[PDB]
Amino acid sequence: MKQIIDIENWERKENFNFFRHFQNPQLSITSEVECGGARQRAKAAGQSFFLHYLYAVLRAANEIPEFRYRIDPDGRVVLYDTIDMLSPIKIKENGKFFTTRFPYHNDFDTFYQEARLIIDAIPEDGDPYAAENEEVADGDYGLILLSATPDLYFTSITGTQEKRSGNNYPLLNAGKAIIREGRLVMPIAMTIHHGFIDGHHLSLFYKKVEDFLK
């Protein structure tokens, strides 16, 4: 569910046309967020800390409309009503993962419990990229994707680039939560299309994620 954007109106007409013919219209950024609050809440509730920051990220993307803009399969700029989550869930100790979809819910408890059921249902073996190729086959780009590396603190991860117009959707990476000057912080990297998102929206995204994580 989405709107075809009237390019002639739309405040980013000129921003988007600037990057239209770029070899690489994407930018990657890594920043750090405090997350001590969500870690305490997760520990106390006996819950997955992963789902707490997954929610934080998914909610910020939904709440800042610039993060809902996509170049659809037919090459048209569209704005999705709602953005869901793809994430590569590790299934084996040698790194095997299976990518799967998590629906956004505005109520954390609802999101949390649907998330948990999805993870419990994850197949023992599987095609690591089936879920992504399904969304591409469907033409559903109303998604973001986050990959966790909970045992690695990084200062930079850049994204891959599928095609000239850029990836179909935003790609994110979460890293290890670590005490820095007495506060728990974790790194989050992302790759976005610069036609849709400037520094200013990235600032609000990270501010927003950190607010949820506390």
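So that there is no doubt, residue numbering starts at 1 and follows the sequence shown.
- Note on 129-137 vs 116-124: mean CA B-factor is higher in 116-124.
- Averaged over their C-alpha atoms, the temperature factors of 64-72 and 36-44 are higher for 36-44.
- For the set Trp10, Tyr206, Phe22, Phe196, the maximum C-alpha B-factor listed in the entry falls on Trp10.
- In the PDB entry, a CA B factor belonging to the middle third of its chain's modelled residues is recorded for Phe97.
- Sort the modelled residues of the chain by CA B factor and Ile91 lands in the highest third.
- In the deposited entry, the Cα temperature factor of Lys176 places it in the lowest third of its chain's modelled residues.
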